[PDB]
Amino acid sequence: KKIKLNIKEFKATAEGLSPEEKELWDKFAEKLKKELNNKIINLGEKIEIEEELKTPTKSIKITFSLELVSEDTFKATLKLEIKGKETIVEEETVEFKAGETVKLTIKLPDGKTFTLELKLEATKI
């Protein structure tokens, strides 16, 4: 039934951000760390963690999802949506085994890059 997640290693990297975008990224990273550590999840239950900024000229939304899709396999996604002068969506999905580190990276056409590397320990509880 219930699985407990704990973060053993976490690395977040972002390149090319404006000061506004850096504030957003910092919030998103802090929220990922808090929400995933000690989290109790069930098989088939999708976790979604999102942060957004809406400005007079631009919208940016970053979404991370995690789902335990079988007893020993996870699916994680990182998605970035930009609206305004440019409307772009970038998304990457990686399946990984429990005990594997997962790395997710997004790069926008303008060179901005967002990367998460996460080693989760998942145990039955």
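Don't overthink the numbering: it's just position in the shown sequence, from 1.
Mean C-alpha B-factor comparison - 102-110 and 20-28, higher one: Looking at the recorded C-alpha B-factors, 20-28 comes out higher on average.
Higher-scoring stretch by recorded Cα B factor average, 61-69 or 29-37: Comparing 61-69 with 29-37, the higher mean C-alpha B-factor belongs to 29-37.
Most elevated Cα B-factor in the entry, residues 95, 90, 48, 86: Largest recorded C-alpha B-factor: 86.
Third assignment of residue 53 from its chain's C-alpha B-factors: Within its chain, residue 53 is a middle-third residue by C-alpha B-factor, going by the deposited values.
Within-chain third of residue 3 by Cα B-factor, per the entry: Its C-alpha B-factor, which the entry lists for residue 3, ranks in the highest third among residues of this chain.
Assigned third (lowest, middle, highest) for the C-alpha B factor of residue 82: Residue 82: CA B-factor falls in the middle third of its chain.
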